[PDB]
Structures are given as structure tokens and as C-alpha cells.
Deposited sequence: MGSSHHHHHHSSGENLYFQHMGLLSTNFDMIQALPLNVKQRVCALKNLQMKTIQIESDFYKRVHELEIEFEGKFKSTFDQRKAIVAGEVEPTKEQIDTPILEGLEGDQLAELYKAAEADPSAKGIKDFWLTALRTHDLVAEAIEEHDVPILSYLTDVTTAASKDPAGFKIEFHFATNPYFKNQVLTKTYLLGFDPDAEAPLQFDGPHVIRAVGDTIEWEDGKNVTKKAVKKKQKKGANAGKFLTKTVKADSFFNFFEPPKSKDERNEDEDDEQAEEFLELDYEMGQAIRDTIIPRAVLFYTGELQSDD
């Protein structure tokens, strides 16, 4: 957790800097020059990390695709998959007692409310989920993420089964990232910074728009798909929510579903 003072006079060590002899002051300005050269090299490092993310996203894809098929009930688990304990840290007696706690229900297909439960177990995303959002999020069949190089950034895709709230099958949110130091504040470069977020138009069915109420803006998770010193921090909170989904929830969804992982 860092903080940049965009104005020099407000620095915490300003009195010390001001009292430095001009001799010493010019050495500090040389270090500011050197610091920019460090920043430019750091920028190339982060671009290489971003490319590495793209390479491993293709490697990740099949295991996420198999997760979706299981959640949707399109494939049934193999016996190796059934042999994996549902929870960690149990005993054989505790595990056997768990499996004997509820007989099979052939009418239950897939894993109902998987992504709703996983999202609601992350404390940041759960606070954005209102009650009128809950029955819509139960149609979530998948949540995916992929990074891009041409427009630099990443996107998050929310895949919805056919539902009476909107016609969209995939709701996409895109963040455009800047990987270069910005000419207006080059020494503040901390890595890829969000330039702007782009949402998606939801084709609501009549009377189902949970983002509006009687008409004024209503509190809804689905305002996530209409993105905008207050506007700068508003984009920061929106970007942090997107990061929680891409970096934390998506790769470890089942751990949030069981509640073994909390964040």
C-alpha cells in the first residue's frame, strides 16, 4: 500500500531536501534522472509478464472448460475425480460421514448456484451483490477472463444461461491498460495502470432492470457493466473489483464455493 505525493512541496522529507546544499541537491536530481531509466526498464518487464499471462491463459483454458462442463452437468465425474476429497483437512471418518449426510438426488443437475456462491464468498464482490441480483446470478454458467496485447488490457466475461431478465448470453467488461510511464507523472509509474473501463449494454426484458428503481439509479451488481479526484478513485474501486474477479475468484472458484478460501 503506497501513496504518491504528486506535489513536491508536500513531501514528508521536504524540509530536509530544501536544506540540502546545492552541491548535494544536484546529486539528488541525478538520481531522479536515474530513477526514470529504472522505470522505463520496469515497463518492459511488465509487458513481458503480460505476454506470459497470455501464453499461460491458453494453458489454463482446458481445466476451466472442464469446470464449466461439470458445473453445467454436461459431464459426470470420473472415479479418479470422485476419489478427490470434497474438503481438505478431514479424516476418513469425517469424509465418509460427509458423503453419507445426503443421498443422491437424480433431479439435481450440475452444481446449482456455483458462481453465485463463489462470488458471494469473496467479501469485496459480495458487498456489490444486492438481493434482486441473486436470482439473476444463479443463471451464471461461467465467468472467464483473458488478456489482450493489441488493445492492451484484459476482459472479464460473464456467461449466462437463457434467463427471463435479459437476452444477453455473455456480459463483458473490458479494462484498457497503459504499460508505459505517463508523460504527466512518469515517476509515479507503478506498473500497468487502468486507462478506462468499458462495459456492455444489457438487453433487459420489460420490468426486469434491477439497475433502475421507482426512475433513479438502483444499487445493483449489474451497474458493474456501466462504468463511469472522485472519478479517478471511482475507476480505482471498479478496477479493484475486476482484479478480484480475474486474479482471485476465477482461478480458485471452487475454493470460494466450499468456503475453504476467504478474501
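Gaps in the model relative to the deposited sequence occur at 1-14, 229-245, 260-271, 307-308, listed in sequence order.
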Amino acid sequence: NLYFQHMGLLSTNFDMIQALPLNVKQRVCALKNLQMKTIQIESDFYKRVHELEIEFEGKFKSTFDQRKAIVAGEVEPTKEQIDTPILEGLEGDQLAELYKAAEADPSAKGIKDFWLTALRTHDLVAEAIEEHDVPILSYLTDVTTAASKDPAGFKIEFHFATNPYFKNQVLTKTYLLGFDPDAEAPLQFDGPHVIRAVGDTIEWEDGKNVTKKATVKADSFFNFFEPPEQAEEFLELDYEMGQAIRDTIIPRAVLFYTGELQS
From here on, numbers count along this sequence of modelled residues.
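Each form is matched to the other, and the largest set of C-alpha atoms that superpose within 1.5 Å is called the rigid core.
Root-mean-square C-alpha deviation from the shown form, taken over all structures in 5 other deposited structures of this protein superposed by the rigid core, is larger for 15-23 than for the alternative among 15-23 and 245-253. Of the two segments 229-237 and 32-40, the one whose CA positions lie farther from the displayed form in 5 other deposited structures of this protein, once all are superposed on the rigid core, is 229-237. 72-80 and 172-180 differ in mean CA B-factor, and the higher of the two is recorded for 72-80. Taking only CA atoms, the mean B-factor in the PDB entry is higher for 85-93 than for the other of 85-93 and 122-130.
Considering 98, 146, 136, 116 together, the PDB entry gives 98 the largest C-alpha B factor. Per the PDB record, 218 has a higher Cα B-factor than any other of 218, 198, 39, 54. Annotation for residue 248: CA B-factor lies in the lowest third of the chain's modelled residues.
Ranked within its chain, residue 156 lands in the lowest third, by CA B factor from the PDB record.
Per the deposited record, the Cα B-factor of residue 222 falls in the middle third when ranked against the other modelled residues of its chain. Split the chain's modelled residues into thirds by C-alpha temperature factor. Residue 262 is in the middle one. Sort the chain's modelled residues by C-alpha temperature factor and residue 238 lands in the middle third, per the entry.
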